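Shown next: work.cif, given as mmCIF, C-alpha atoms; chains and numbers go by the auth columns.
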data_protein
loop_
_atom_site.group_PDB
_atom_site.id
_atom_site.type_symbol
_atom_site.label_atom_id
_atom_site.label_comp_id
_atom_site.label_asym_id
_atom_site.label_seq_id
_atom_site.Cartn_x
_atom_site.Cartn_y
_atom_site.Cartn_z
_atom_site.B_iso_or_equiv
_atom_site.auth_seq_id
_atom_site.auth_asym_id
ATOM 1 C CA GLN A 1 -18.173 -9.268 1.134 0.00 1 A
ATOM 2 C CA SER A 2 -14.972 -8.608 -0.744 0.00 2 A
ATOM 3 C CA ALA A 3 -12.033 -6.662 0.564 0.00 3 A
ATOM 4 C CA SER A 4 -11.068 -3.913 -1.863 0.00 4 A
ATOM 5 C CA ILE A 5 -7.961 -1.905 -2.611 0.00 5 A
ATOM 6 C CA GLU A 6 -7.425 1.148 -4.761 0.00 6 A
ATOM 7 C CA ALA A 7 -4.326 3.054 -5.923 0.00 7 A
ATOM 8 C CA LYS A 8 -3.790 6.463 -7.617 0.00 8 A
ATOM 9 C CA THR A 9 -0.811 8.592 -8.413 0.00 9 A
ATOM 10 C CA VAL A 10 -2.049 11.940 -7.217 0.00 10 A
ATOM 11 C CA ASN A 11 0.177 14.648 -8.675 0.00 11 A
ATOM 12 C CA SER A 12 1.135 13.082 -11.953 0.00 12 A
ATOM 13 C CA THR A 13 0.918 9.915 -13.929 0.00 13 A
ATOM 14 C CA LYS A 14 4.094 9.614 -16.022 0.00 14 A
ATOM 15 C CA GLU A 15 7.199 7.480 -15.727 0.00 15 A
ATOM 16 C CA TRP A 16 10.089 9.196 -13.961 0.00 16 A
ATOM 17 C CA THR A 17 8.117 12.190 -12.653 0.00 17 A
ATOM 18 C CA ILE A 18 7.477 12.807 -8.959 0.00 18 A
ATOM 19 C CA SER A 19 4.189 12.108 -7.263 0.00 19 A
ATOM 20 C CA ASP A 20 2.511 10.961 -4.111 0.00 20 A
ATOM 21 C CA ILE A 21 0.890 7.541 -4.391 0.00 21 A
ATOM 22 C CA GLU A 22 -2.318 6.926 -2.392 0.00 22 A
ATOM 23 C CA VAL A 23 -3.323 3.350 -1.776 0.00 23 A
ATOM 24 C CA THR A 24 -6.404 2.577 0.244 0.00 24 A
ATOM 25 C CA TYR A 25 -7.312 -0.971 1.386 0.00 25 A
ATOM 26 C CA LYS A 26 -10.632 -1.752 3.072 0.00 26 A
ATOM 27 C CA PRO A 27 -11.294 -5.218 4.504 0.00 27 A
ATOM 28 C CA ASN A 28 -15.098 -4.654 4.422 0.00 28 A
ATOM 29 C CA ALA A 29 -15.289 -6.817 7.573 0.00 29 A
ATOM 30 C CA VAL A 30 -14.372 -6.631 11.253 0.00 30 A
ATOM 31 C CA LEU A 31 -10.779 -7.148 12.285 0.00 31 A
ATOM 32 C CA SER A 32 -9.159 -8.189 15.547 0.00 32 A
ATOM 33 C CA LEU A 33 -6.090 -10.359 15.000 0.00 33 A
ATOM 34 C CA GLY A 34 -3.343 -10.339 12.425 0.00 34 A
ATOM 35 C CA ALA A 35 -1.728 -7.586 10.475 0.00 35 A
ATOM 36 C CA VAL A 36 -2.632 -5.555 7.390 0.00 36 A
ATOM 37 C CA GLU A 37 -0.236 -6.006 4.467 0.00 37 A
ATOM 38 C CA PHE A 38 0.320 -4.091 1.280 0.00 38 A
ATOM 39 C CA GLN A 39 2.425 -5.793 -1.415 0.00 39 A
ATOM 40 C CA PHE A 40 4.147 -3.840 -4.181 0.00 40 A
ATOM 41 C CA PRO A 41 6.203 -5.132 -7.124 0.00 41 A
ATOM 42 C CA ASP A 42 9.535 -3.597 -8.149 0.00 42 A
ATOM 43 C CA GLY A 43 9.537 0.099 -8.923 0.00 43 A
ATOM 44 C CA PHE A 44 7.988 1.026 -5.535 0.00 44 A
ATOM 45 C CA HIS A 45 9.752 1.508 -2.258 0.00 45 A
ATOM 46 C CA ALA A 46 8.225 2.437 1.115 0.00 46 A
ATOM 47 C CA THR A 47 10.352 4.360 3.706 0.00 47 A
ATOM 48 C CA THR A 48 9.831 5.602 7.215 0.00 48 A
ATOM 49 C CA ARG A 49 8.717 8.941 5.697 0.00 49 A
ATOM 50 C CA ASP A 50 5.606 7.314 4.162 0.00 50 A
ATOM 51 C CA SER A 51 2.462 6.906 6.281 0.00 51 A
ATOM 52 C CA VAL A 52 -0.656 4.876 7.039 0.00 52 A
ATOM 53 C CA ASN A 53 -3.625 6.566 8.699 0.00 53 A
ATOM 54 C CA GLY A 54 -1.523 9.578 9.596 0.00 54 A
ATOM 55 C CA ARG A 55 1.415 7.654 11.114 0.00 55 A
ATOM 56 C CA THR A 56 4.892 7.450 9.569 0.00 56 A
ATOM 57 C CA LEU A 57 5.900 3.866 9.005 0.00 57 A
ATOM 58 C CA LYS A 58 8.425 2.190 11.344 0.00 58 A
ATOM 59 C CA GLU A 59 11.371 0.087 10.161 0.00 59 A
ATOM 60 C CA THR A 60 9.754 -3.071 11.486 0.00 60 A
ATOM 61 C CA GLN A 61 6.698 -2.561 9.280 0.00 61 A
ATOM 62 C CA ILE A 62 8.751 -2.193 6.122 0.00 62 A
ATOM 63 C CA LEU A 63 10.124 -5.367 4.558 0.00 63 A
ATOM 64 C CA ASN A 64 11.267 -6.876 1.351 0.00 64 A
ATOM 65 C CA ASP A 65 13.422 -3.946 0.180 0.00 65 A
ATOM 66 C CA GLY A 66 10.531 -1.558 0.837 0.00 66 A
ATOM 67 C CA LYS A 67 7.979 -3.462 -1.248 0.00 67 A
ATOM 68 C CA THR A 68 5.950 -4.801 1.642 0.00 68 A
ATOM 69 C CA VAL A 69 4.281 -2.961 4.467 0.00 69 A
ATOM 70 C CA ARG A 70 2.938 -5.042 7.354 0.00 70 A
ATOM 71 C CA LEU A 71 1.038 -3.511 10.201 0.00 71 A
ATOM 72 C CA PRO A 72 0.126 -5.413 13.286 0.00 72 A
ATOM 73 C CA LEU A 73 -3.376 -4.521 14.368 0.00 73 A
ATOM 74 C CA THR A 74 -2.637 -2.306 17.339 0.00 74 A
ATOM 75 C CA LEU A 75 -5.400 -0.237 18.994 0.00 75 A
ATOM 76 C CA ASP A 76 -4.942 2.689 16.620 0.00 76 A
ATOM 77 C CA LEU A 77 -5.463 0.442 13.629 0.00 77 A
ATOM 78 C CA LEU A 78 -8.353 -1.602 15.077 0.00 78 A
ATOM 79 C CA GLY A 79 -10.719 1.413 15.096 0.00 79 A
ATOM 80 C CA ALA A 80 -10.482 1.750 11.380 0.00 80 A
ATOM 81 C CA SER A 81 -12.728 0.886 8.464 0.00 81 A
ATOM 82 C CA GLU A 82 -9.848 1.610 6.090 0.00 82 A
ATOM 83 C CA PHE A 83 -6.095 1.831 5.702 0.00 83 A
ATOM 84 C CA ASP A 84 -4.907 4.796 3.732 0.00 84 A
ATOM 85 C CA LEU A 85 -1.290 4.413 2.746 0.00 85 A
ATOM 86 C CA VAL A 86 0.552 7.422 1.354 0.00 86 A
ATOM 87 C CA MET A 87 3.831 7.313 -0.534 0.00 87 A
ATOM 88 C CA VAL A 88 5.384 10.768 -0.531 0.00 88 A
ATOM 89 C CA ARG A 89 6.928 12.318 -3.662 0.00 89 A
ATOM 90 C CA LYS A 90 8.054 9.098 -5.237 0.00 90 A
ATOM 91 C CA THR A 91 9.766 8.947 -8.561 0.00 91 A
ATOM 92 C CA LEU A 92 7.345 6.878 -10.632 0.00 92 A
ATOM 93 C CA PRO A 93 8.827 3.784 -12.323 0.00 93 A
ATOM 94 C CA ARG A 94 8.768 2.864 -16.023 0.00 94 A
ATOM 95 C CA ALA A 95 5.523 2.881 -18.033 0.00 95 A
ATOM 96 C CA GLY A 96 3.397 -0.181 -17.523 0.00 96 A
ATOM 97 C CA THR A 97 0.716 -1.699 -15.356 0.00 97 A
ATOM 98 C CA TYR A 98 1.477 -2.859 -11.886 0.00 98 A
ATOM 99 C CA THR A 99 -0.420 -5.050 -9.505 0.00 99 A
ATOM 100 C CA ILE A 100 -0.649 -3.806 -5.975 0.00 100 A
ATOM 101 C CA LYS A 101 -2.078 -6.104 -3.340 0.00 101 A
ATOM 102 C CA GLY A 102 -3.606 -5.950 0.137 0.00 102 A
ATOM 103 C CA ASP A 103 -4.478 -8.650 2.641 0.00 103 A
ATOM 104 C CA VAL A 104 -4.743 -9.533 6.327 0.00 104 A
ATOM 105 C CA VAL A 105 -2.041 -11.930 7.453 0.00 105 A
ATOM 106 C CA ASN A 106 -1.473 -13.930 10.654 0.00 106 A
ATOM 107 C CA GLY A 107 -5.205 -13.711 11.336 0.00 107 A
ATOM 108 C CA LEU A 108 -7.590 -16.532 12.211 0.00 108 A
ATOM 109 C CA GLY A 109 -6.997 -17.748 8.620 0.00 109 A
ATOM 110 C CA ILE A 110 -10.726 -18.006 7.878 0.00 110 A
ATOM 111 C CA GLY A 111 -11.829 -15.340 5.418 0.00 111 A
ATOM 112 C CA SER A 112 -11.942 -13.565 2.107 0.00 112 A
ATOM 113 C CA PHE A 113 -9.477 -10.667 2.897 0.00 113 A
ATOM 114 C CA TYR A 114 -7.171 -10.832 -0.182 0.00 114 A
ATOM 115 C CA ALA A 115 -7.557 -7.918 -2.654 0.00 115 A
ATOM 116 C CA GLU A 116 -5.623 -6.449 -5.555 0.00 116 A
ATOM 117 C CA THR A 117 -5.683 -3.683 -8.196 0.00 117 A
ATOM 118 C CA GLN A 118 -3.775 -2.304 -11.248 0.00 118 A
ATOM 119 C CA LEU A 119 -1.921 0.986 -11.183 0.00 119 A
ATOM 120 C CA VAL A 120 -0.950 2.340 -14.561 0.00 120 A
ATOM 121 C CA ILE A 121 2.041 4.491 -15.230 0.00 121 A
ATOM 122 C CA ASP A 122 1.969 6.338 -18.542 0.00 122 A
ATOM 123 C CA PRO A 123 4.783 6.918 -21.155 0.00 123 A
ATOM 124 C CA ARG A 124 7.041 9.954 -20.624 0.00 124 A
#
Can I see the file as structure tokens?
Amino acid sequence: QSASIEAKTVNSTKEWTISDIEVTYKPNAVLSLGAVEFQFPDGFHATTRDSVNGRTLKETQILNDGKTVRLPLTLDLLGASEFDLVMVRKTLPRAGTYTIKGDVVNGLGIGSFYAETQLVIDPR
């Protein structure tokens, strides 16, 4: 029923060290219209070097000072049961817990779709 999302810092876990961040959102339902959206709080920044499903992000999909990634459901995305976002060699922000969100926006407007998860950065 429920859309899920999951985040990990892959190379490391500590404030101010460098790591890839993998975030995977699955809508657990069929998609046709709208756009997939990841929402980050401050401390994270997407760029056109990051990727979703093997494609580097474009400037038009990055908003909100890098904190929001919005992907219109083009043919390449419609195939997919999941949306694997990768943030490449990011400096991790200060220790704490951080809520990272996924959803489908500009859809039919009828559906679960929201999802969210906590990513924890550890003390230095």
Evaluate the PyMOL selection byres ((chain A and resi 19) around 12) and record the selected residues as a PyMOL selection string, following the chain and residue labels used in the document. chain A and resi 8-18+20-22+44+86-93+121
What residues come out when you apply the PyMOL selection byres ((chain A and resi 54) around 12) to this file, written as a ChimeraX atom specification? /A:49-53,55-57,76-77,83-87
Residues in the PyMOL selection byres ((chain A and resi 97) around 7), expressed as a ChimeraX atom specification: /A:96,98-99,118-121
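The space separating atom CA of residue 25 of chain A from atom CA of residue 41 of chain A comes to 16.5 Å.
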May I have a table of the residues of segment 27-76 of chain A lying at most 7 Å from segment 100-115 of chain A, giving each one's closest pair of atoms and their distance in Å to one decimal, counting all atoms listed in the file, ordered by chain and ascending residue number, as CSV?
residue,atom,partner,partner_atom,distance
A:27,CA,A:113,CA,6.0
A:33,CA,A:107,CA,5.0
A:34,CA,A:107,CA,4.0
A:35,CA,A:105,CA,5.3
A:36,CA,A:104,CA,4.6
A:37,CA,A:103,CA,5.3
A:38,CA,A:102,CA,4.5
A:39,CA,A:101,CA,4.9
A:40,CA,A:100,CA,5.1
Residues of the last selection are to be written out with C-alpha atoms, as a compact mmCIF listing (two decimals), in the coordinates of the input.
# COMPACT_ATOMS: atom_id res chain seq x y z
CA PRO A 27 -11.29 -5.22 4.50
CA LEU A 33 -6.09 -10.36 15.00
CA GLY A 34 -3.34 -10.34 12.42
CA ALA A 35 -1.73 -7.59 10.48
CA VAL A 36 -2.63 -5.56 7.39
CA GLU A 37 -0.24 -6.01 4.47
CA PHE A 38 0.32 -4.09 1.28
CA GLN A 39 2.42 -5.79 -1.42
CA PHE A 40 4.15 -3.84 -4.18
As a check of understanding: the span from atom CA of residue 28 of chain A to atom CA of residue 80 of chain A is 10.5 Å
